């Protein structure tokens, strides 16, 4: 019996959910509430089209709700879903507001409803493979990441710090197992392009003697990379590389390893496919999973500390 999922989507936020759910043998998209007419063109036959998101959460046959709306609307829809007893997978960032995050945490606690946050890296087999190989590199000395692209530049758009930052803050907190002693953000360059924010920021998160530096820049070529520096080796995940996960020699300088390194085995399931497959699989037998609500809350706390 496929797990009956519904999707509440608005804007660019519901990008590839419908096709991912369609390809999962253990799940079915049974209702869709979407403002986007390109999305509405994709529903399976039998999926109910809703203009009102409330009809998705009042639906007796819906087992779980995927919330892929602008983040300012996450808390209202999530609270409604929880109140209805439906499990929630909500896109990152959990919210853009700590108090809303905390209101969600509290409702999940009071009701016992399973809430996962969709932090895509935490469902990536390469990240899972990097964590599995952490003993090889020994005690962690430093962490760095870089996310880049050319915009998009959008007036009043979700700030890059939140939107892109939640993706990398989740990774750092997941790696370190704790919250930072300190958090600060440093803008190298900040301006406007086409009425939207255009710039280059580095977030520094301190974990006693170990710093994580997270660089976000929307004025450079497309790239996503991270490196974990230890006493005995360095683990790098880099989009431009032939290999998803590479082992390199140790460093003291914290610079990006130059050279090919030793490719570690990483399997090929797509992260989003993994996220939705696992989530649908936990609906009827709940568990916290790799990206729980509490982690989404902690990410929101750090992002607010950098704003």
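Positions refer to the first chain, counted from 1.
*asked:* Mean Cα B factor from the PDB record: higher for 148 to 156, or higher for 94 to 102?
replied: That would be 148 to 156.
*Which is higher on average in the deposited entry, the C-alpha temperature factors of 192 to 200 or of 171 to 179?*
The deposited B-factors put 192 to 200 ahead on the C-alpha mean.
*Considering only 281, 60, 252, 70, which residue's Cα atom bears the greatest B-factor as recorded?*
Out of 281, 60, 252, 70, the record gives the largest C-alpha B-factor to 252.
_Ranked C-alpha temperature factor of residue 52 among modelled chain residues, by third_ = For residue 52, whose C-alpha B-factor we compare with every modelled residue in the chain, the answer is the highest third.
*Hey, what third does residue 108 fall into on Cα B-factor, ranked over its chain?*
Its C-alpha B-factor, which the entry lists for residue 108, ranks in the middle third among residues of this chain.
*Is the Cα B-factor recorded for residue 29 in the lowest, middle or highest third of its chain?*
Middle third.
*Chain-relative CA temperature factor third for residue 211*: Middle third, going by the recorded CA B-factors of the chain.
*asked:* Please say which third, lowest, middle or highest, residue 141 falls into when its CA temperature factor is compared across its chain.
replied: As the PDB entry reports it, the C-alpha B-factor of residue 141 lands in the lowest third of its chain.
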